[PDB]
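Structure, as structure tokens:
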Amino acid sequence: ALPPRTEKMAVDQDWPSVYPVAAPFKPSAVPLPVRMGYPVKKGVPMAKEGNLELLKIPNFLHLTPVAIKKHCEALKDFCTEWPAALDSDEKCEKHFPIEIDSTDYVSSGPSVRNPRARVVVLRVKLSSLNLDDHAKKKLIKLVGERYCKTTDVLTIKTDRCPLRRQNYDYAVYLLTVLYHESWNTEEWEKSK
Amino acid sequence: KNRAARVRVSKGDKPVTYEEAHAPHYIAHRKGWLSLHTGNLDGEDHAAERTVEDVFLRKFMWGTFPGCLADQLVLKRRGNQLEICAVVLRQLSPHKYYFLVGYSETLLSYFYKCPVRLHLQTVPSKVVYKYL
Amino acid sequence: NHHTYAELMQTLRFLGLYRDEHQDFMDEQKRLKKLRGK
Amino acid sequence: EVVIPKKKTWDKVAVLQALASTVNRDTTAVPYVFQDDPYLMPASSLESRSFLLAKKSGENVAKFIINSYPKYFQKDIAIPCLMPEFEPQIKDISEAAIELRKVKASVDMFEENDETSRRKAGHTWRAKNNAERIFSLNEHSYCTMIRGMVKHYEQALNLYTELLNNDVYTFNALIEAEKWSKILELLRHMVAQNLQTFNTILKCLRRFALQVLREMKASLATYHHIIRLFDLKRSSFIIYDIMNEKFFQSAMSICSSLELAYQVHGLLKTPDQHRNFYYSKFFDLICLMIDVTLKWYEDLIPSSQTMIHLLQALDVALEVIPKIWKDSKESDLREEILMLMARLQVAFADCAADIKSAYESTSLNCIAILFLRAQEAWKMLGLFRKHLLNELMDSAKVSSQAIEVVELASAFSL
Amino acid sequence: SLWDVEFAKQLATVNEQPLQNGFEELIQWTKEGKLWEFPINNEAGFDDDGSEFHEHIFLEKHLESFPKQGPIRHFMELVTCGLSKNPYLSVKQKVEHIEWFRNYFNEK
Amino acid sequence: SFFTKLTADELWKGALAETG
Amino acid sequence: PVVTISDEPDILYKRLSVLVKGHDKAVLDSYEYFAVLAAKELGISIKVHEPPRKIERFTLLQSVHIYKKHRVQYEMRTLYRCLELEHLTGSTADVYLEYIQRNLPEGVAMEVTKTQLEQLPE
Amino acid sequence: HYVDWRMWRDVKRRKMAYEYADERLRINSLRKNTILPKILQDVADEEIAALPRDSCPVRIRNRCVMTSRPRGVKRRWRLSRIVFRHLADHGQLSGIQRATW
RNA sequence: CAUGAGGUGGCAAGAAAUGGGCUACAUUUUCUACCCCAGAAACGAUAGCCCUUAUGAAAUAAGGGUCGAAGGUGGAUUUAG
Ligand SMILES: [Mg+2]
């Protein structure tokens, strides 16, 4: 009774302040004569005031492209600029050699724990090692299934230890000791 | 004949809502799903335990909003945020209506272990799409 | 757990905050069986 | 080289208190505690205050089941801390309260840790026996037996008199003990044996001048033991010091007894009962001193004393009377609206019949007057006689001899 | 004592102005903790006491080394590398898995 | 259990037996 | 506006990938319309492509009893989207991706991300 | 408050397979070897036999979650082939459609 | 004080016929190579026992070993496209 905000809202009034969060529909607030439903064979599609699917829409009425701009005037900060690293990544290679991944699988619902969120594969190009003229050759022969030939990239993967922050501490440790067992000369390196 | 989710034509005096007038071969063709969650996309787990909670919340609220629930609910789900939306008839006094929001909000907050927020909507009469 | 789900709904009929139609359907029907039966 | 930039640690959940600043509290709407359809929205204050209470009995009823049987709710799903519940228990069950805990004092005895813990949780005549048994079982033992006894100023200072015999609650039982030299000699005695201690030692002088010209500059709660005496942070002080020319709710009483309120307006950009006195007693100002009235009408109560000063704003300055009718309930509230149009062809005579349509559920006799200005007016004259004149003769001559049958009894019932 | 923490209670009442907008439900909801601690790292909480890639994966420090060339020790290296590839089991239950196996081959 | 339990408008239809 | 920077320089990401995974196609091309306008107001070099969908249909029996010659078959149309960002810092990404995950839609738009930080070794 | 006595025959077989799961993991880690010769591997074979019924995970028969059919079950959504089909036609699982191909 | 509940063991093999399909009865085939320019053979490959393996408290399934049956395109009749 007395349906508000829709005979009483004016234009040249700010909508991004009306729907601050994502919300459900709440048709008495929304001033559009939007319609829903597959109509009957001689009828109009359904109203706005009593629907179900305009509330079953995932509802991108929050965050209009003016709400996007007017949010980020307090969110252009938190943010410090990208270093002028002289890109195409080759001059970001001899600065920044190794490459890693650390994924999250954001689900919804009650809990957070996805056990496929500790997946760490660590990629290193071999042209960034620069201390490998024979201890290149047993790095390659130690890792059987890795080190492609068309691209000289090493991918060591760890999913043996439950936390993501220590799989990274596992990946860095097998990169450092296989490098040293490569620079370890062995007794039977000759008798081939 | 197949009788899966249709109501059957009888006369001219039987009213029916948009949803249950629609047969189940129109589920994403002409209808929406009544509950949204991240379960059935592949390969995601926690599709399984959620739907035996999803069936409670429309069997809970069929009894705690008794005689007044207009059609089925909408059970949105945003991360760790269970969003129930409901359209309900204009038959009860509003002092009762505000009671069972915060009754059911903090009893469904402390069952799912999430926050739960209710958004009611009031319609005077049951909205009828078809006089079948 | 099916006790957790089904006994909480027992007490929420007992405190009368949730009015279910199935167990209403028994205790009215069980009223009219004990008038004759049993 | 390329130098890597700064790990701008982005101040957690304040990441989205940053966004809440951008959204303004919008107009044209109810406050957000309620629901957004018109039926569940309230209309006036009595509905809205009850409704948040009606929401509140949602909580305490739902909570009660959780706390009276928690074994429905021990399925722990991750984790919020969201889950329900002769020496050792004597200090443990002193934390979960009283009378059944403190009764255990002598069956155990048949130390000073729970002699100043379990002997505090009462505040108690019979449990005052164990209060003097405190060091018969320190400083805290003998302290607030009397600071918890300025409520349960007599038997408190008498125990402050009987503690000098052999904290911040030395200065709280004795803080509000005519009496403005012992008051002097109490805060010289504070070095003998705060923003609360000084804030209690003028609460008592408030109810029972020359010490009130002195009590200040020895801060927010150090003003309500001052602002009761007269009757930015610099722009509080440039407001408050120039007021002699828990916190605010008196300052709308001074500014209503006397641009003056716009100094308070800065601290608003910095209770449910007195937070209307905030707003109702502010609207009486901005109405009196028009364009700046019409904006502030839309801003305050959309998101009986407020409509007894509402209408006379329109007196001193014309078409918004049928606008402001529908917010009366959203006789007495129905007559001062009917005062003003009796003091124009289309919009004024309609809503008086809606006051009549209000009335079917100095008042009734002023409905015929504005209506004929711009049949159904006579059936009010039928009830003026069973429950003014010079316009009834006016409307008869223009509307003729059957209306010269109307004016015949106009002098007969005089 | 009680009087220091009760002044943390009645203090909360004087500033508790209502929620008033759509954002401060989300602000309140993790100041308590029912909402998520956005951003999501999928391992929030969940520490295993500073586990760190040598307790989980080198079960040498809990072996209590026997005569190594005996057939029992080769069976313990099988069990050790099995417990190595667990992300499911923690390090307190890995040593407890050995602990039952320790009280068996002293018996047999 | 609870998950057996059902509405009324299915229950009277299964108890009245108004169609063959 | 309170941020309180410290001693410690960046973690520095490169080529953050976002796989938004949905059911309704009309949400995701309205989700990516937000995400290009959530990211090109931070000047972020961005591309979008659509991975092919995996529709995992399964079958079920129709009557409660007999009649294996009568099945009904169900399906999941579950769709995809990539939000291939490139070369952005560790502070900026985790606040850009904040505003993304805070305002991802309802049940539709499951999301998967890859994070590749670069990081000088020892 | 399980829907049959039958489910509560089977709840007992999932909790008594769970507390005795550590034991069945460690004693049956002592058989499937080539090493530790057969006398060391045959007195461990008696102890599993004297460990009871209702403990091994083979005695579970994997049942529907609310109407307790033993078969016709769908593992991903937990429920049998009828009552899952009851909800999918009112549109009550996220993204279940009729397949028309 | 049972037509309910709980425990251990057991029940599913064929004088026979019949329904549905696999394998075949082969030269458009059989074995290897290649998976489509060859070269050899001039049949059919179950079931049955035997040995390991998998999974499992505990043996059904796979693989290998041996045997190499009935089988020569099949009546009235009938099915699908
Ligand atoms: Mg059919």
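Since every read-out is calculated from the coordinates, none of them should be taken as a lab result. Here the Cβ is made from the backbone with ideal geometry for all residues, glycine too, and neighbour counts use every protein chain on show.
Of all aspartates and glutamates in the structure, those lying under 18 Å Cα to Cα from D:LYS128, and not within fewer than 8 positions of it along the same chain, are D:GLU99, D:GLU111, D:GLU112, D:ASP114, D:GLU115, D:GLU139, D:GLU154, D:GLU162. PRE reach from A:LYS141 (point 7 Å along Cα→Cβ): which of region A:150-192 fall under 20 Å by backbone N? Of the residues in region A:150-192, A:150, A:152-155, A:177-192 have backbone N under 20 Å from the label point off A:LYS141. So what is the diffusion coefficient of the protein assembly as shown in µm² per second by Stokes-Einstein at 4 °C and 1.567 mPa s, using a Kirkwood Rh over Cα pairs? The diffusion coefficient I find is 35 µm²/s. Among E:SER65, E:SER84, E:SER51, the largest mean-square fluctuation in a Gaussian network model of chain E (Cα springs under 10 Å) belongs to E:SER65. Going 7 Å from the Cα of A:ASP14 in the Cα-to-Cβ direction, what parts of region E:13-27 have a backbone nitrogen less than 18 Å from that spot? Residues E:20-24 fall inside that zone. Taking a point 7 Å out from the Cα of D:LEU260 in the direction of its Cβ, the residues of region D:275-289 whose backbone N falls within less than 19 Å of it are D:277-289.
For region H:1-91, the fraction of C-alpha pairs farther apart than 14 angstrom is 71 percent. Averaging the sequence gap over all C-alpha pairs within less than 8 Å and six or more residues apart, then dividing by the number of residues, gives region H:1-91 a relative contact order of 27 percent. The alpha-carbon of F:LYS13 sits under 21 angstrom from the alpha-carbons of these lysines, leaving out residues fewer than 8 places away in its chain: B:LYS1, B:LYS11, B:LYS14, B:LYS59, C:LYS30, C:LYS33, F:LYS5. Report, to the nearest 10°, how far helix A:164-183 tilts away from the longest principal axis of the Cα atoms in chain A, using its own Cα long axis and a range of 0 to 90°. So the helix axis and the longest Cα principal axis differ by about 20 degrees.
Pairs exceeding 32 Å between alpha-carbon atoms, taken from A:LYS192/E:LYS94; A:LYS70/D:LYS7; A:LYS136/H:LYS32; D:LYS102/E:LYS31; D:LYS56/D:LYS269; A:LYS94/A:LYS192: A:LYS192/E:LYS94; A:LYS136/H:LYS32; D:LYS102/E:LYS31; A:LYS94/A:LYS192. If you plug the beta carbon distance of D:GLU330 and E:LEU19 into 1/(1 + (r/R0)^6) with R0 = 35 Å, you get a FRET efficiency near 0.95. The largest-to-smallest principal axis extents of the Cα set in region E:50-108 are 34, 19, 16 Å. For chain G, the longest principal axis of the C-alpha atoms and the axis of helix G:90-102 are separated by about 30°.
Hey, what number do you get for the protein assembly as shown at 222 nm if only DSSP H runs of n ≥ 4 count, each worth -39500 (n - 2.57), divided across all residues, to the nearest 500?
-8500 deg cm²/dmol
Among the residues of D:49-59, the average count of other protein chain beta-carbon atoms within 10 Å of the residue beta-carbon is 5. Simple point charges give the picture: +1 on the Cβ of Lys and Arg, -1 on the Cβ of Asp and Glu, and for the protein assembly as shown a dipole about the Cα centre of about 5540 debye. Calculated FRET efficiency, E:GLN28 to A:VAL153, Cβ-Cβ distance, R0 = 45 Å: about 0.40 to the nearest 0.05.
Determine one quarter of the surface area of the Cα convex hull of region A:1-88, which equals its mean projected area, and express it in nm² to one decimal. Let's see the in-between values first.
Values: hull surface 43.1 nm².
Averaged projected hull area, Cα only: 10.8 nm².
Over chain B, what is the percentage of antiparallel beta bridges among all DSSP beta bridges, to the nearest 5? Within chain B, antiparallel bridges account for around 45 percent of the total.
Scoring E:11-23, C:26-38, G:5-17 by mean Cβ neighbours within 10 Å over their residues and listing the highest first yields G:5-17, E:11-23, C:26-38. Rounded if a/c is under 1.5, else prolate if a/b beats b/c, else oblate: with a ≥ b ≥ c from the C-alpha gyration tensor eigenvalues square-rooted, which is chain D? Note, shape of chain D comes out prolate. In this label model, H:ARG14 and A:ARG160 are separated by 3.4 nm, measuring between points 7 Å along each Cα→Cβ vector. Number of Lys-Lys pairs in chain G with C-alpha atoms under 17 Å apart and a separation of 8 or more places or on different chains: 8. Approximating the spin labels as points 7 Å out from Cα along Cα→Cβ, the D:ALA402-to-A:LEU174 distance works out to 10.7 nm. Taken as Cα centroids, region B:62-132 and region A:127-192 sit 59 Å apart, rounded to the nearest whole angstrom. Most simply put, the protein assembly as shown has about 80% antiparallel DSSP beta bridges, counting only bridges with both residues inside it. Estimated from the Cβ-Cβ distance and a Förster radius of 45 angstrom, the FRET efficiency linking A:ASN130 and E:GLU96 is about 0.45.
By the rule of a C-alpha distance below 18 Å, with chain neighbours fewer than 8 residues away ignored, the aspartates and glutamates paired with A:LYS56 are B:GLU19, B:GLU20, B:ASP54, B:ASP71, B:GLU83, D:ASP36, D:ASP37, G:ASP24, G:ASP29, G:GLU106, H:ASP89.
With a 10 Å cut-off around each Cβ of B:68-76, the average count of Cβ atoms from other chains is 4.
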